[PDB]
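Chemist: so I pulled this structure from the PDB, and the sequence comes with it:
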Amino acid sequence: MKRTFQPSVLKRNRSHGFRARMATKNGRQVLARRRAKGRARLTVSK
Amino acid sequence: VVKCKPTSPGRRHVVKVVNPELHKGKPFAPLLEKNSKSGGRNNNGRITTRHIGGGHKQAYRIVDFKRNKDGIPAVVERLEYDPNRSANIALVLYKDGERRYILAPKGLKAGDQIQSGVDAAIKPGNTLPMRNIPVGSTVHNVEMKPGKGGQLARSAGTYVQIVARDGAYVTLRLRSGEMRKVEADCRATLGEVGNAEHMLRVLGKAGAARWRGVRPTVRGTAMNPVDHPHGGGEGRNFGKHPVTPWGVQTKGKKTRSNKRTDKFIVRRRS
RNA sequence: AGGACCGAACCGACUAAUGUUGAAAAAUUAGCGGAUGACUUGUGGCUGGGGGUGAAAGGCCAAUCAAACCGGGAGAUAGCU
RNA sequence: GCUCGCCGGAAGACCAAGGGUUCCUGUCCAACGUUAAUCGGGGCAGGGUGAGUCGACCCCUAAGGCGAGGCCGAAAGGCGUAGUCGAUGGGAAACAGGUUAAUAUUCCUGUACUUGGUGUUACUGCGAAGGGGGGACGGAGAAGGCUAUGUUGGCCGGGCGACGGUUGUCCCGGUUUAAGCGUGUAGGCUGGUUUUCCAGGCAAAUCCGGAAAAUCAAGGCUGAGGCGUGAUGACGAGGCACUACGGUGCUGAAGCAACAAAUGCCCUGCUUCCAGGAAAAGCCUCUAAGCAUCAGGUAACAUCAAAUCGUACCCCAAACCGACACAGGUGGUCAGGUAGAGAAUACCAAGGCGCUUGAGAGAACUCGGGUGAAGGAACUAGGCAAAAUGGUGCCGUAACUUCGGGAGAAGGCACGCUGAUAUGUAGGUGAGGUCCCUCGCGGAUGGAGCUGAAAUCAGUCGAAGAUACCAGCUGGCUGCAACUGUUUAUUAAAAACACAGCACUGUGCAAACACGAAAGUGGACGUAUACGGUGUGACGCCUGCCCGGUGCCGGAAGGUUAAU
RNA sequence: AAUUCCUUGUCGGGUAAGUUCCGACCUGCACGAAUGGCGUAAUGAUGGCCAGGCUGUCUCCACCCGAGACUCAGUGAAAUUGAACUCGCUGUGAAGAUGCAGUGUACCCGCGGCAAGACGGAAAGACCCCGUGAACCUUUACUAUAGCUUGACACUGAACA
RNA sequence: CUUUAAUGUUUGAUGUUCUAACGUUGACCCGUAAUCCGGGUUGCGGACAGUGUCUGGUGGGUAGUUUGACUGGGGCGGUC
RNA sequence: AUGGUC
RNA sequence: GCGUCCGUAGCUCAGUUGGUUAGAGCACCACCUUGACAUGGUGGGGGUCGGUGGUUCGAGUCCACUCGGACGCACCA
Ligand SMILES: [Mg+2]
Ligand SMILES: [Mg+2]
Ligand SMILES: [Mg+2]
Ligand SMILES: [Mg+2]
Ligand SMILES: [Mg+2]
Ligand SMILES: [Mg+2]
Ligand SMILES: [Mg+2]
Ligand SMILES: [Mg+2]
Ligand SMILES: [Mg+2]
Ligand SMILES: [Mg+2]
Ligand SMILES: [Mg+2]
Ligand SMILES: [Mg+2]
Ligand SMILES: [Mg+2]
Ligand SMILES: [Mg+2]
Ligand SMILES: [Mg+2]
Ligand SMILES: [Mg+2]
Ligand SMILES: [Mg+2]
Ligand SMILES: [Mg+2]
Ligand SMILES: [Mg+2]
Ligand SMILES: [Mg+2]
Ligand SMILES: [Mg+2]
Ligand SMILES: [Mg+2]
Ligand SMILES: [Mg+2]
Ligand SMILES: [Mg+2]
Ligand SMILES: [Mg+2]
Ligand SMILES: [Mg+2]
Ligand SMILES: [Mg+2]
Ligand SMILES: [Mg+2]
Ligand SMILES: [Mg+2]
Ligand SMILES: [Mg+2]
Ligand SMILES: [Mg+2]
Ligand SMILES: [Mg+2]
Ligand SMILES: [Mg+2]
Ligand SMILES: [Mg+2]
Ligand SMILES: [Mg+2]
Ligand SMILES: [Mg+2]
Ligand SMILES: [Mg+2]
Ligand SMILES: [Mg+2]
Ligand SMILES: [Mg+2]
Ligand SMILES: [Mg+2]
Ligand SMILES: [Mg+2]
Ligand SMILES: [Mg+2]
Ligand SMILES: [Mg+2]
Ligand SMILES: [Mg+2]
Ligand SMILES: [Mg+2]
Ligand SMILES: [Mg+2]
Ligand SMILES: [Mg+2]
Ligand SMILES: [Mg+2]
Ligand SMILES: [Mg+2]
Ligand SMILES: [Mg+2]
Ligand SMILES: [Mg+2]
Ligand SMILES: [Mg+2]
Ligand SMILES: [Mg+2]
Ligand SMILES: [Mg+2]
Ligand SMILES: [Mg+2]
Ligand SMILES: [Mg+2]
Ligand SMILES: [Mg+2]
Ligand SMILES: [Mg+2]
Ligand SMILES: [Mg+2]
Ligand SMILES: [Mg+2]
Ligand SMILES: [Mg+2]
Ligand SMILES: [Mg+2]
Ligand SMILES: [Mg+2]
Ligand SMILES: [Mg+2]
Ligand SMILES: [Mg+2]
Ligand SMILES: [Mg+2]
Ligand SMILES: [Mg+2]
Ligand SMILES: [Mg+2]
Ligand SMILES: [Mg+2]
Ligand SMILES: [Mg+2]
Ligand SMILES: [Mg+2]
Ligand SMILES: [Mg+2]
Ligand SMILES: [Mg+2]
Ligand SMILES: [Mg+2]
Ligand SMILES: [Mg+2]
Ligand SMILES: [Mg+2]
Ligand SMILES: [Mg+2]
Ligand SMILES: [Mg+2]
Ligand SMILES: [Mg+2]
Ligand SMILES: [Mg+2]
Ligand SMILES: [Mg+2]
Ligand SMILES: [Mg+2]
Ligand SMILES: [Mg+2]
Ligand SMILES: [Mg+2]
Ligand SMILES: [Mg+2]
Ligand SMILES: [Mg+2]
Ligand SMILES: [Mg+2]
Ligand SMILES: [Mg+2]
Ligand SMILES: [Mg+2]
Ligand SMILES: [Mg+2]
Ligand SMILES: [Mg+2]
Ligand SMILES: [Mg+2]
Ligand SMILES: [Mg+2]
C-alpha cells in the first residue's frame, strides 16, 4: 500500500526542524519545555 | 458560426463561434505580463468564492481603458483573442510608433484611422467626453470619475445610450436597464463593442467548463444537514424556504445598502 | 476531428474461489473498466477542530470521525454493576 | 566442477529519493538466520569513498515564507511596500582505453575545451539602479533527412567432426575506435543596403519604433548525419615463457560493402486547431551622468588559479515505507535475436537465480487443474461458476434514428509446405558509364548489385492448416439514467452526485457576497453578452387552474409603539 | 408501474405448466407537469425475461497429475482453562443434567476422522425497556446572542426659506 | 372662558445654495529605485455617509437545556 | 335585454 | 385508538353564535299564460335536529358518554 510514513528530509527540517521552531512564539515555549525537562533529542535536526 | 457535425456524443450540441478576422500568431510582446490562476483563495488560504479552479494558462494582455493621448491619429493594425474578457482586442499603431491595445468596436477592421481626444470627429471607434457627444448615440467605455479608466459598458456586445444633457450632468441608461447620473466630463468612446454573438455559443459538454476554470456545483438538497439548510429527508424533501448556504433568503430579497451612491441612481432596474 | 472505438504501460477495483490466531490489521491467481482526457504522476508551497476540504457517501484529515491527536481543570460527576 | 531448470520489458545493466558500513580482506559459530550449518547482510579486527569539466553552494527567479519603515488589532500580534530567501525549472567546460581483493568521466596513458584576472606590444570610447533586442516557452498531427541498431555478404584465423554424410553455395568466432577540431549539405527562417526628419520608450540615445527617398537581387542565420583530421596511436583471433591453477610480460591478421530502421535527432522547424500557452538573470546593444586620456574596453603570448562540500554499497528489495531477511508499495534512464501490427505473447543470448527445512508412503478430505460415454440448465434466488466464441482478406448486413450511428449486426467463403508465372515480378534502394558546371557534402541520363511483398495456376501430407501462445458469445421486448465521468480508501460504484441546457432572482463597481473584531485579500487587474445563489437536468412535444395560509416585493394617510 | 393495500386484480401471447416479463383495459386505497409529465437513436462491470450456441451446474459423479493433510529427522507457536478418577436413559430441580434419585450396559491407555452436545470458546448486547446520563440534527419548544436594519446623542458646520 | 389670528420672541421638523469638519479602492509632484504608507496642490462628494453608546424589530447563522410517572414489557388510549 | 321545444 | 367539525323535510341544507319567537333552495301536481311541454306563481303535509340524563317553567340551543364519517398521528427493526 501507500503507507503513512513517507520520508523526506527537506520537509522534515521545515516542519519539525529547529528553524521551524524558531519564529513561532508558541514554539519557543515548546523548546523551553524540552530543555527544562532535559531531553537529548531537542529537535529532529541532525 | 456553425453547429459541429454530430460524429460522437460530445460534439452533438456544439455551436462554435469562429472568426477569420483574427491574428493566427503570437501576441505583441511588450504588452504581456503574468496573471496566475489565483484559485479562488485569498491570503488566508481559504475558498471564499467557490466553483473556481482549473483551466488553461491565461496570459494577461495590457489594454488601455484610458485613451489619454489627445489629438494624434491612430491606425488600427490587427485583432487578437484576449482570453481574459469576452470581447476582442484591437492592436493600435499611433502616428509616432507607440502601439497599444484597445477594445474593438462593431465596425472595425484593418485600415481604420481612429482618433482620441476632445476634438475628435464623430465616427465609431473615436472617443471624446460627454459634453461634446450628441444625444442618443450609444457609447462604450464610460467612466464614473473623470480619468479613472473605462468602467461602464465594457462586455462583448453592450452599449449605453445618452438620453439627456442638462446642467453639469449626463444621464445614461445602462445595459442592465437602470438609469444613472454621470459627471458631464467623463471620457466615453463612441460605438458598440464588436463580437456580438458570444451568447449564441453553446459550450457543448462538461469539458468546456473545466477548460474555462469552473468547477462542479453541488445543489443544495444533495448535502447532509450540517453543510447546507436544504439537506435531509429519507428520499427527497425540500420542505423549507429557499436559502443561501449562509442563512439568507435568495429568491428575491434585495441586498443593496451602499447608501453613499444613491444621489445618482435615478430609477432602479425593474 | 474526437470529453471517439479494440488494446499493453499506467490508473481504477465489478463478480466468484482461496483466506479469514493468513504471505497482507484489505492482498494473491483466472476474468473486468478507462486508457490524448473532466485523465494519470514525481516534486515543492497553501487551508485548519464547530474550523479546513468535499463531481456530496457524514466521506476523508498520520492503520483513529455525527466533531481528530497531546497536555492541563480532573482524583470531572455517577442514585448504576 | 558439470548435467537440469526459471526470468529475460525482469527477478538484466544504472542513478536521483531514503537508509548510514550493510562494501571488500582475514578470523569465530555461543545468540542472530524460521532447519543443519564451517556460509552470511551475523561477532571481532583491518583496509575502502581521490573532480577546473560530473552532482550541492554559487548569478537569477515561479508558487509561496519572512518582511526596515507603514497600517490595523488588549497584549500576544495580523497583513503588507522597499528588499531578502525559495528547485521541481533558466546560467562556463572532457571523451575513450588500462589497472584495485573493494574507487574511477575523479588516478595513469595521447588528445582536449571554457571561465578569471594580472603583465606585455597595437588602436581608441568606457560606464550602472534605468531604455531596447534576446532568454521566451501550449495541445494534436503527418510526412521528409538520419543515427544508435540489426542482418546477410567482403575478409582473417581456426575446425574435417563420438554414427549416416560433410573440401564446401560447408561449421564457429572476429570485424571495434570516442570527445575535440577546420568545411557549410538535407532541410527551416528573413529581402538586404544608403540617407533626411519625428510629439513615443519616466531624462539622452548614434541601436530597437515610426514616416520618407535612392537602390542593390540574394546577403545573413540555423543545423541532424556521413565526410577530412583526431588515430603509423589504443583495442582485437590468439601463438603463448613462466605457471602455484594466482595470473603475469612481449607479441598480434582482418579491421570493408550493401540492406533495413526507431518512441532518439534536424524539431525551440512546418501545417492546423480553440481551451490562445511565465519570470528575472547569465548573453548582446544603447546612451546622458563623469573620469579627459592615469583608469576603461578588444586581439596573440605568458603566469597561476578553478577553493570547500558529496562520491563505497542496496536503490522494484534481504539494506528505504510497511514490528517479519514480509507472495504488499515507491519516480526517472538503456532496449538484442526468430516469428509478430507491437514495449502483447511463446522460446532465447547478454546477464542473473533455484526463492534458508527435508526424506519418504501414494487414505478419507480440501486448495489449484486436465479429460469424460447418454442427455444438455431438469441445477438454483438466479447460466453463479465452468464450457464455448475469438485474427487477417472478400462477399454480405434488419427493424429503429438525433443521419453520424445500429455494425465487428447476423451469417459464410478461402489460409500449411513445394514448383512455375518471375532460375526473386510490381515495388524500395542504389554503385559504375557519360554530359554540362552558377562547384560542392555536385545536378541529371543511367541501371550493376542488394532487398522484397501480394496474387493466380498446377502438385502434395495429416483426423485436423488463424493448428501452440495471445484472440469479441450472439440475438429478441422492456424499467432507470441522455452520454464520457465520480464518490462510500477498508462489506453498497448503483437508479445516488456531477455535467452541457433551461429558468427565477441579487448585484452599476469601493458590486453583491465569503474568510477576517480590524487594515487587507478572494470576487477580477472582471463591468450585466459579467458574477454569486437556488432548482430541474441533453434533444423532441410540452410547462394548465388556486395569492386563502407561509415566505418575499411595493405602498405609508390611519390605530398600537421603544429609547428620549 | 420502482408508486396498487384487498391481489397471484381482469383478459390475451409466451410455457405441458409461468405469484416474475411483455401488450391492453381504469374500480388510480394514495401518478401528474422544472422536489417536473410522457416519449426516444446511441451508451451502461446497471434492474427484470425468453431463445440458439456450450458444457460436470445438475440426474450421477468416475478417473488422472500436482501443493497440503498421514510416517520418520531438526526448529516449535496460539485461543482457552475453579478443580477433576469427565458413560446412556426415565424422573426431580433457578423450570433444557458427565454428577442429583432410580436403573442398565462398560478391561486401562494412543494415533486417523466426522462436529451432535459440554446452554463450546472471541464481544460487560446493537434490538426494547431503565438512567430526572451526553453527543450531534430539526422547528412557529424555551432563553440569549453574531449579523441585519430603525430612530436619539456625539464627530456636527453657518446662513436659509 | 367657549375660542379665533395679526407686532415680537421663546425650539424641534420639513426641502434647498454654499464649505472649512470628515470621505476619496479620482488624477499630478515628493520621500522613492516604491501602485503599501505619509506630505501637501486640485477635482468631486458633504453636515449626508461611516463609526461608539443605549433602545425597538428581525435573527435555529450560531449556543445551552427541557420533552413526567403509573403500565400483567414500552408507544398509543385512560387515569394523576 | 323578452322570443328554447312540437 | 388526546380531541375536533360535527349528526336535521323526497335530495344538501341553515338554526348552537353563551337562550327562550321556527328559516330555505330545489321541488308532487290541481289551477293564471302559450295552438300545445316546461322556463314563472298560490298551495297543503314533510325537523322531540340519533339516543340518556342534568343546570333550568322557558334549551333543536348550556353541557359528560354511546353508532357514523372525514381532520393530526408517533413509538416500534
Ligand atoms: Mg460560479
Ligand atoms: Mg448549473
Ligand atoms: Mg449539480
Ligand atoms: Mg446523502
Ligand atoms: Mg441548520
Ligand atoms: Mg417521499
Ligand atoms: Mg412532502
Ligand atoms: Mg478509487
Ligand atoms: Mg465493491
Ligand atoms: Mg488481478
Ligand atoms: Mg480502450
Ligand atoms: Mg478511449
Ligand atoms: Mg472541536
Ligand atoms: Mg482514517
Ligand atoms: Mg463536541
Ligand atoms: Mg472543577
Ligand atoms: Mg474518576
Ligand atoms: Mg467524583
Ligand atoms: Mg524460459
Ligand atoms: Mg512481455
Ligand atoms: Mg555486518
Ligand atoms: Mg567477512
Ligand atoms: Mg542458529
Ligand atoms: Mg549450528
Ligand atoms: Mg558482505
Ligand atoms: Mg558479517
Ligand atoms: Mg586531477
Ligand atoms: Mg556542471
Ligand atoms: Mg512571491
Ligand atoms: Mg509580513
Ligand atoms: Mg515589524
Ligand atoms: Mg537567490
Ligand atoms: Mg531541481
Ligand atoms: Mg537543478
Ligand atoms: Mg536589458
Ligand atoms: Mg508542440
Ligand atoms: Mg549505421
Ligand atoms: Mg552504432
Ligand atoms: Mg561427427
Ligand atoms: Mg559418422
Ligand atoms: Mg561465420
Ligand atoms: Mg566527434
Ligand atoms: Mg562508487
Ligand atoms: Mg561495487
Ligand atoms: Mg532492481
Ligand atoms: Mg519487498
Ligand atoms: Mg504490520
Ligand atoms: Mg529468504
Ligand atoms: Mg522458502
Ligand atoms: Mg516435502
Ligand atoms: Mg491423492
Ligand atoms: Mg475439461
Ligand atoms: Mg459429459
Ligand atoms: Mg472423447
Ligand atoms: Mg428451474
Ligand atoms: Mg459466467
Ligand atoms: Mg474458460
Ligand atoms: Mg449512468
Ligand atoms: Mg478522484
Ligand atoms: Mg466500500
Ligand atoms: Mg480587490
Ligand atoms: Mg436531478
Ligand atoms: Mg427526472
Ligand atoms: Mg406549474
Ligand atoms: Mg390575494
Ligand atoms: Mg400571500
Ligand atoms: Mg415592507
Ligand atoms: Mg415494473
Ligand atoms: Mg401507489
Ligand atoms: Mg403489493
Ligand atoms: Mg398469464
Ligand atoms: Mg403492462
Ligand atoms: Mg412524484
Ligand atoms: Mg413543483
Ligand atoms: Mg461509466
Ligand atoms: Mg425457463
Ligand atoms: Mg506451501
Ligand atoms: Mg503437517
Ligand atoms: Mg515431527
Ligand atoms: Mg471415571
Ligand atoms: Mg433433562
Ligand atoms: Mg443425558
Ligand atoms: Mg460441535
Ligand atoms: Mg472438525
Ligand atoms: Mg451451541
Ligand atoms: Mg456461550
Ligand atoms: Mg451490559
Ligand atoms: Mg440546537
Ligand atoms: Mg415509564
Ligand atoms: Mg402496555
Ligand atoms: Mg324552546
Ligand atoms: Mg306550468
Ligand atoms: Mg420496519
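Modeler: Yep, it's here. Residues are numbered from 1 along each chain as shown, chains lettered A, B, ... in the order given. Ligands and ions are numbered 1, 2, ... in the order given.
Chemist: so residue A:42 sits right up against residue A:31, yeah?
Modeler: Yes: contact between residue A:42 and residue A:31 holds when scored by CB atoms under 8 Å: they sit 7.0 Å apart. (C-beta placed from N, C-alpha, C; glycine too.)
Chemist: state whether residue A:28 is indeed within a strand.
Modeler: No: membership of residue A:28 in a strand is not supported by DSSP: H, G, I helix; E, B strand; the rest coil, which gives helix.
Chemist: residue in chain A nearest to RNA strand F?
Modeler: Of all residues in chain A, the one sitting closest to RNA strand F is residue A:23 (22.2 Å; CB to the nearest atom of the strand).
Chemist: measure how buried that residue is and give me the count.
Modeler: Applying other CB atoms under 10 Å in any protein chain shown, we find 8 residues neighbouring residue A:23.
Chemist: what's the spacing between it and RNA strand E?
Modeler: For residue A:23, the distance to RNA strand E (CB to the nearest atom of the strand, to the nearest Å) stands at 31 Å.
Chemist: check residue B:259 too.
Modeler: Going from residue B:259 to RNA strand E by CB to the nearest atom of the strand gives 8 Å.
Chemist: next: residue A:7.
Modeler: Applying CB to the nearest atom of the strand, the value for residue A:7 to RNA strand E is 33 Å.
Chemist: cool, and residue A:4?
Modeler: With the distance defined as CB to the nearest atom of the strand, residue A:4 ends up 26 Å from RNA strand E.
Chemist: do the same with residue B:29
Modeler: Between residue B:29 and RNA strand E the distance, using CB to the nearest atom of the strand, works out to 47 Å.
Chemist: before we move on, what about residue B:44?
Modeler: Here the distance between residue B:44 and RNA strand E works out to 18 Å (CB to the nearest atom of the strand).
Chemist: could you look up the SS state of residue B:212?
Modeler: Judged by three-state DSSP, the three-state class of residue B:212 is coil.
Chemist: which residues touch it?
Modeler: Residue B:212 sits next to B:55-56, B:203 when contact means CB atoms under 8 Å, 6 or more residues apart in numbering or on different chains.
Chemist: how about the residues of the stretch 151-270 of chain B by RNA strand F?
Modeler: Where the stretch 151-270 of chain B comes near RNA strand F, counting by CB under 7 Å from any atom of the strand, the residues are B:183, B:229, B:246-247, B:257, B:259-260, B:263.
Chemist: switch the cut-off to 6 Å
Modeler: The stretch 151-270 of chain B has residues B:229, B:247, B:259-260, B:263 near RNA strand F, with proximity defined as CB under 6 Å from any atom of the strand.
Chemist: now, which of those sits nearest residue B:129?
Modeler: Closest approach between those and residue B:129, by CB to CB: residue B:263, at 20.7 Å.
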